[PDB]
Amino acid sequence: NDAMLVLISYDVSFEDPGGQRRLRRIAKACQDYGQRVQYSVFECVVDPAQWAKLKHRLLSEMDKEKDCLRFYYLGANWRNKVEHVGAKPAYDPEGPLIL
């Protein structure tokens, strides 16, 4: 199916030992699908098969009692629904602002 963008907000206490480990694992899982717009906010462009696989990984890595994941479904036309103002994102500043 058509690729869509999911914006993933991972609310984790990263300065805590476990939180740091879980964030690293979640960041690694998300990395090649898009870009890291904050330390724990990820954009992932995914078709249906990719998203089913990815979502399962993320839910497995998080601690459901301590952390929370929020998914924002921007759809296939995410480009028409995202706006960037200001400095380039710290991560991959050479890439496009919008995926």
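Counting begins at 1, following the sequence as shown.
- Higher mean CA temperature factor, per the PDB entry, when comparing 59 to 67 with 29 to 37: 59 to 67.
- Between the stretches 50 to 58 and 69 to 77, it is 50 to 58 that shows the larger average CA temperature factor.
- Among the modelled residues of the chain, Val12 sits in the highest third by CA temperature factor in this PDB entry.
- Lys88: CA B factor lies in the highest third for its chain, per the PDB record.
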